[PDB]
Structure formats: C-alpha cells, structure tokens
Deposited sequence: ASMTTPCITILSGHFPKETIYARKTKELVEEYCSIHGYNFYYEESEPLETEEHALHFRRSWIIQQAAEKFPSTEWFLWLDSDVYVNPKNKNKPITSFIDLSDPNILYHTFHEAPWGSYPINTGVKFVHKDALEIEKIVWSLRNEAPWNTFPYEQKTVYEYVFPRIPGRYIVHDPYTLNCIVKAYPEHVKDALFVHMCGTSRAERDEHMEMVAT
C-alpha cells in the first residue's frame, strides 16, 4: 500500500535519524513528512500529543496515503535492513484494522509504545479526537497520547487494532539488545549525548 512515514523534531541525533528515515522512504517509494516547525503548545503533555496534530499535516500534504507511520525522532532505520520494505516485517492487508501498535514487555512501563505507530487513513478523524483530548483529564497525564490511544481509542474500536511484538518494528535498544541487529526500526527510548553517540 501507499505509506507515508511522518516524524518531527524542533540536534545531531535527530538530524541523523531524519536522514536515515528520509533515505529509507526514498529507497522504497514511501512519502516522507517531517514537521521541522516550532510547536505553539510547548508543555510536556502537549509535545507528546503533537504527533496527533502532525499526522493531520501529513494527510493534507499526502491525501492519497493508505497507511500513515509515525516514528519518534529517536527511532531510526537499521542500516542492515534499509533495503527491506515494511511489508516484509508486517501484514497490512486486513482492511478492518486501523491501528498497528507494539508492546514493550516486560521491560517497558506501559502496554503499548507509540514511538512507532501505524495509522490507517480511515483513522484520521480518530487522531483528530486524540489531539482534542490533550488538555482533558485523565488524558493530559503521563503517558499522554499513548494512554489516550490505549485507553480511550482502543475500547471504542474492538477488533480494529493489533498489538504486535516490538522486536523488529519498535526495538528499544536498551531493553532488547539481542534483537537490535535484526530489527528494522530501532528506538533509542531511555538522553541526547547518549543518542548522538549511538547515531
């Protein structure tokens, strides 16, 4: 399908991850949207929610998109696998599914990690609602958009989401060091100097 990968960051590591993702899209014919812009709302919760505003900007630019893929700015493409398409790691053929998300068990603090998040075009209005909840309790409490997707969105869409193993597509470096080599998306979740050094 038509994939648009989107990300944003307003930083060496973040430029390097950008490059790799930008390169990866170019290799496979994916659209690339990057929010280089400065956020109007700069509080901690609002910055986490900003991904749900960015997707709306991505969709305006690329309206022919079937699947939107959010990647954090601390997620990069594993050089080893840069020549492999996304479809070689995940089945996006089920027309009923709106979200593909990934767990972080047992090292992670929450049932899903939205650092890598697949959103079907038919869920764009849902992402609009997530953005709108950014200043509403309990959604404005940590972990923010990630809590809102898991606890507000998912209950309303039974059967329309899959929570996947993270080993290839949301491979947190510190948590899964034995999986990093074979991963597609590597997530430097868990420090700028540390990230630059890694990049």
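Missing C-alpha coordinates mark the following deposited-sequence intervals, in order: 1-5, 16-18, 199, 209-213.
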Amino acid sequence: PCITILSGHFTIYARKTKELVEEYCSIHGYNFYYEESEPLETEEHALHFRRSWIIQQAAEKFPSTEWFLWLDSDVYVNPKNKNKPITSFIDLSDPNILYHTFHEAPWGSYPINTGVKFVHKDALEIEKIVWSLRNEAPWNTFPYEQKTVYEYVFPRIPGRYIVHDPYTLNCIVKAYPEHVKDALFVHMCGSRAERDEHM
From here on, numbers count along this sequence of modelled residues.
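The deposited model assigns a higher average Cα B-factor to 36-44 than to the other stretch when 143-151 and 36-44 are compared. Ranked by C-alpha B-factor against the other modelled residues of its chain, residue 136 falls in the highest third. Ranked by C-alpha B-factor against the other modelled residues of its chain, residue 128 falls in the lowest third.
When the modelled residues of the chain are ordered by their C-alpha B factor, residue 89 lands in the middle third. The deposited CA B-factor of residue 31 belongs to the middle third of values across its chain. Ranked against the other modelled residues of its chain, the C-alpha B-factor of residue 106 as given in the entry falls in the lowest third.
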